[PDB]
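Down below is the structure, laid out as structure tokens.
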Amino acid sequence: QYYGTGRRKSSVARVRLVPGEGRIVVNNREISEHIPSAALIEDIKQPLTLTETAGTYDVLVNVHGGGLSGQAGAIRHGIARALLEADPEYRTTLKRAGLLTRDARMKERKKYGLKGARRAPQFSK
Amino acid sequence: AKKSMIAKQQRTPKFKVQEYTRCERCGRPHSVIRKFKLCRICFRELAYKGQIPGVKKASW
Amino acid sequence: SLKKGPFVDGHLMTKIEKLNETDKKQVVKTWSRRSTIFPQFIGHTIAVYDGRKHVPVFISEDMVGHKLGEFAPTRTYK
Amino acid sequence: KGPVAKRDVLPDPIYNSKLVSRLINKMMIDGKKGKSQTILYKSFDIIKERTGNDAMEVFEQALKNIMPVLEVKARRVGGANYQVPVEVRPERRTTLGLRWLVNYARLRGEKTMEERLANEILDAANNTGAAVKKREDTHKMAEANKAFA
Amino acid sequence: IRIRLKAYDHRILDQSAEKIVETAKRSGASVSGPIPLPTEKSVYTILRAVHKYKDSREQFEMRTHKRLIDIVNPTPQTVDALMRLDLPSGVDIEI
Amino acid sequence: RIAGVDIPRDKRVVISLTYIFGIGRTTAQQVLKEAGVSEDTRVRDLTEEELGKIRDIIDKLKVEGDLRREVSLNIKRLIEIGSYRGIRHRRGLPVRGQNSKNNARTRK
RNA sequence: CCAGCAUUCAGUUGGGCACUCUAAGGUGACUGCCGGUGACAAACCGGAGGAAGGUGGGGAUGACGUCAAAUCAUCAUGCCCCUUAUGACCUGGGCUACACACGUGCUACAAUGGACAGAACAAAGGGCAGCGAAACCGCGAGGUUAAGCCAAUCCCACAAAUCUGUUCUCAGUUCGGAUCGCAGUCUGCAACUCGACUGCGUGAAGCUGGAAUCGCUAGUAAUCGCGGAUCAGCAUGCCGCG
RNA sequence: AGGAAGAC
Numbered sequence: 005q006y007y008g009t010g011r012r013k014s015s016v017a018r019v020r021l022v023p024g025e026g027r028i029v030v031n032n033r034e035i036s037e038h039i040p041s042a043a044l045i046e047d048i049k050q051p052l053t054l055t056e057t058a059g060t061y062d063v064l065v066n067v068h069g070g071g072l073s074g075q076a077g078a079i080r081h082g083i084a085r086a087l088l089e090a091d092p093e094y095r096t097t098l099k100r101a102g103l104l105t106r107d108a109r110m111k112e113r114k115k116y117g118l119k120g121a122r123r124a125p126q127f128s129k
Numbered sequence: 002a003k004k005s006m007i008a009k010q011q012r013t014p015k016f017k018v019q020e021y022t023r024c025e026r027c028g029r030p031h032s033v034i035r036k037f038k039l040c041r042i043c044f045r046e047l048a049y050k051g052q053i054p055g056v057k058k059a060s061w
Numbered sequence: 004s005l006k007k008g009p010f011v012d013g014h015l016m017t018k019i020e021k022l023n024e025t026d027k028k029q030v031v032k033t034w035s036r037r038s039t040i041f042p043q044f045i046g047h048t049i050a051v052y053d054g055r056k057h058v059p060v061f062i063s064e065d066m067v068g069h070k071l072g073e074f075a076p077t078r079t080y081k
Numbered sequence: 004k005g006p007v008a009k010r011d012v013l014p015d016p017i018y019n020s021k022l023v024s025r026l027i028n029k030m031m032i033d034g035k036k037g038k039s040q041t042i043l044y045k046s047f048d049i050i051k052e053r054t055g056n057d058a059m060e061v062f063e064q065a066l067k068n069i070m071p072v073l074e075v076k077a078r079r080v081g082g083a084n085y086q087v088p089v090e091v092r093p094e095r096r097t098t099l100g101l102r103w104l105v106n107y108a109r110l111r112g113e114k115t116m117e118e119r120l121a122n123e124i125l126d127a128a129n130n131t132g133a134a135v136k137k138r139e140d141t142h143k144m145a146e147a148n149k150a151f152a
Numbered sequence: 006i007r008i009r010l011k012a013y014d015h016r017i018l019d020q021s022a023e024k025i026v027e028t029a030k031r032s033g034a035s036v037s038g039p040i041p042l043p044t045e046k047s048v049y050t051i052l053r054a055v056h057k058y059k060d061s062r063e064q065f066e067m068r069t070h071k072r073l074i075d076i077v078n079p080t081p082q083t084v085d086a087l088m089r090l091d092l093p094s095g096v097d098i099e100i
Numbered sequence: 003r004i005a006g007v008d009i010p011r012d013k014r015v016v017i018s019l020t021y022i023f024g025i026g027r028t029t030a031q032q033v034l035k036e037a038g039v040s041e042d043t044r045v046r047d048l049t050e051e052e053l054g055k056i057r058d059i060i061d062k063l064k065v066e067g068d069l070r071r072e073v074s075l076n077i078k079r080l081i082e083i084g085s086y087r088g089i090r091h092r093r094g095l096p097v098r099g100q101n102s103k104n105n106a107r108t109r110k
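Chains as they are written, first to last, in PDB author numbering: chain I, 5 to 129; chain N, 2 to 61; chain S, 4 to 81; chain G, 4 to 152; chain J, 6 to 100; chain M, 3 to 110.
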């Protein structure tokens, strides 16, 4: 019943993995008509395959907020937190492999007199 | 001539759509705030003085 | 005046009605560009304020839906 | 000032086929992906059994035949605005090769996107190519004006 | 019974929060902790200059925030005692 | 053909009927919905009885030259009324009211 | 919040804070350790628990002064006319005109699309002379009586771009939507001069634009929407958010 | 040792 948190790009997700037979599910709707955008498929298939803990645990995922790719990053951070909670013996191998960054790349505060907080409107002599 | 139109402002007008907003602490229309009834000039001067206790410098 | 009829200046409405119910008379002095032409006003002579003067206009039968205002344009170009 | 580069890794280091993994999950993004990639896969199939051999080596020699080795820059000397050829770093080679591939594929104009992308892949596969001919234009300018060093 | 309080100054609202918790606890009124409610925001934008330079602007923040407490048991004598208890002029109590 | 002028041959009827004057996409949709042609039909395959009944229903609707003469009658009526808006059509200036100095370039 | 439980299509409820969430005290990143340079100093480069290593990202913050830069349009001695008037009251007009040239933006010229049908993911603000749900009427903006809300409950709030199907097959076209006539909805005493929006029909130029020229370096450009402010009503303007 | 370029 190991429990992990993940946050990326104004969205949060919580993951609970318990010993199963390797079942993976978000929001109790399944892969075909719940999961488009196969970046999510490589998201859900990468870390269990790179570890040797693939067919042992089943995971329920709950989701709040945000968009699709930021949601996928929240899935990344949630399952990384879940694995570092559950099996810390190769957590250091996961560290120097990476994927634990929790990027601070959020939307920029719009600046007055600028269009998109970098773009000055236009200039002429 | 400003206080002629100030007299228009405190006096009730003929028809109710003819009524308009003026800040009446300082003397102008044109960017009065509704919920303070202060325009930009006298608002920012008296806010740097420090009244309207909700208001401070903004940054996030 | 979109659903409930033409919206006019009733004082000179009743003035011109009490004119035309008795007789035919001289031009109707008006500052008001406000009024819609009612269909019973056929054949009258209206002096409309253009901003500088009161222009005379005769009212034809074809004054179907448009208001009185277009008889005196307020701008002169060439 | 000074140049600086970063590190980032998308794929797995081991048990990862490079071109197959790229083909299934890498570097085409921001929508209109699914139907385009399925019809693009069957475009790969129709050119697979259109050629009489494996199609990956002719795709890679298409990448070689679009892949430039030299280009030439303009430098200000004298009153003539002369041109200087230069040897090229491999990341710049890759960026130029894919950039000419995509913009001439979208630039020549054809019926639709999958058959036109396959059209300039096969046009790069044989030597008689349009953007391939532009790569040899970059050379024939380079070894026309490489007497400047 | 639920009591709210909403104002600008979170310092003096915090010492008001433990002072009302202290009075309710010394009265034995089945106390509950003060829950932090989310703030409300209004950011105004003012022309920096007086006559010109539209790209010169300034921003003024107004932030006001609220907290809630709840009393489960009736306890009417202590409830009337905390009605008659005096409050500061910034705590802005709502019943 | 239908209103005395020709029709495209190899496109759908709900689009092809928009070619003839004074009738449009939404109107063609709402007449062919009750006509029952399933909104995909080449004119190379049809029946004479459905052709005749669409002929009489587009005959009853205001299609061929009557909309042209109607708007011409109203606009000439506006010319001998005068009344500013007719002067705007006669001069070619924009009528519904706009900034006549900046663009004004669809007309004149 | 429904994890851990019992319950129902509304998972509303009976029960509980561990998590997101709202937030006070903090914990925290400060050249803190190793190596090599640097006369051993200050500093630079590569490494480690780390969320981030060399001011983590952004805002606010703008020195002495220059341009006799801008504002007598908030206030104020300096002169000018008035006080039987450049000062006053109201009605109508004009600030929105138009042969033209320019500044800034919006919408496009399309099949990395248009149209139609279905499944979606939900940031930040505003609401009582208000926000207004359900339902009904309406080929439409809207109208009807109207539950709830002085607001982490009710409303705006039905996010689009996104993902699956059919069509168009390269055309001034099913592109593009401007002008024009008819008939309307709302606001307002009043929409002609001079409001917005809708249903029709009409369908224009435009097939990615010469000289030159503009913005942009860890969510940045570009696109897609969403709010908000002045205000009875009026966004492509401005501010803010994803 | 590596271009001709006016006036306020």
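Built from N, CA and C at the ideal position, the CB exists for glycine as well.
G95 of chain J and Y13 of chain J have their alpha carbons spaced roughly 8 Å apart.
Here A90 of chain I has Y6 as same chain residues with Cβ atoms under 6 Å from its own Cβ, once five neighbours each way along the sequence are excluded. Taken through DSSP and simplified to helix, strand or coil, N66 of chain I comes out as strand. In the same chain as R62 of chain J, and ignoring 5 residues on each side of it, the C-beta atoms closer than 8 Å to its own belong to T50, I51, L52, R53, in chain order. At least 8 Å separates the CB of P30 of chain N from every CB of chain J. Under the Cβ distance rule, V33 of chain N does not count among the residues neighbouring chain J, no pair being separated by less than 8 Å. By the CB criterion at 8 Å, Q64 of chain G and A121 of chain G fall outside the cutoff. Taken residue by residue, none of the segment 58 to 72 of chain I has a beta-carbon sitting less than 7 Å from a beta-carbon on chain J.
Sequence-ordered contacts of the segment 9 to 38 of chain G with chain I read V12, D15, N28 [C-beta pairs closer than 7 Å]. Under DSSP, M67 of chain J shares a beta bridge with N:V56, J:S47.
The C-alpha of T9 of chain I lies about 30 Å from the C-alpha of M31 of chain G.
Per the coordinates, the alpha-carbon of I60 of chain M lies some 25 Å from the alpha-carbon of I77 of chain M.
When only Cα atoms are considered, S41 of chain I and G74 of chain I end up about 13 Å apart. In the pairwise beta carbon analysis, the segment 38 to 46 of chain M is classified as not touching the segment 62 to 72 of chain M: fewer than three pairs are separated by under 8 Å. Using a Cβ distance threshold of 8 Å, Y52 of chain S and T33 of chain S count as a contacting pair. Interface annotation, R62 of chain J: in contact with chain I, CB-CB separation under 8 Å.
In this structure, DSSP gives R36 of chain S a state outside helix and strand, which the three-state scheme calls coil. Assignment of alpha helix (DSSP H) within the segment 59 to 94 of chain M, counting only whole runs of 4 or more residues, yields 68 to 83, 87 to 93 in chain order. Between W103 of chain G and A150 of chain G, the beta carbon gap of about 26 Å keeps them out of contact (Cβ cut-off 8 Å). Using beta-carbon distances, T44 of chain J does not count as an interface residue toward chain I, since no partner is under 8 Å.
For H15 of chain J, the uninterrupted alpha helix (DSSP H) segment begins and ends at 15 to 32.
Annotation: Cβ neighbours of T50 of chain J in chain I (cutoff 8 Å, chain order): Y116. DSSP, reduced to helix, strand and coil, places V39 of chain M outside both helices and strands of the structure shown, so it counts as coil. The DSSP-derived three-state label of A75 of chain S is coil. If you look at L87 of chain I, you'll find it in the alpha helix (DSSP H) that goes 72 to 90. Shown here for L92 of chain J: same chain residues with a beta carbon closer than 8 Å to its own, the five before and five after excluded, namely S21, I98 in chain order.
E56 of chain I is outside the set of residues whose beta carbon lies under 8 Å from a beta carbon in chain G. Nearest CB-CB separation between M88 of chain J and chain N: not below the 8 Å threshold.
The criterion of a C-beta distance shorter than 8 Å is satisfied by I40 of chain J and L73 of chain J.
In the displayed model, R14 of chain M falls within coil according to three-state DSSP, outside both helix and strand.
Below 8 Å, too few C-beta pairs join the segment 18 to 25 of chain S and the segment 82 to 89 of chain J to call them touching: fewer than three. DSSP links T9 of chain I through a beta bridge to I:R18. Within chain S, the residues placing a beta-carbon under 7 Å from that of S85 of chain M are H69, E73, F74, ordered along the chain. Spatial neighbours of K51 of chain G in its own chain (CB-CB distance under 7 Å, excluding positions within 5 residues in sequence) are listed in chain order as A58.
For the pair of segments examined, the segment 137 to 145 of chain G was found to touch the segment 73 to 87 of chain G: the number of CB pairs separated by less than 8 Å reaches three. Only exposed fits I6 of chain J, as fewer than 16 other CB atoms lie within 10 angstroms of its CB.
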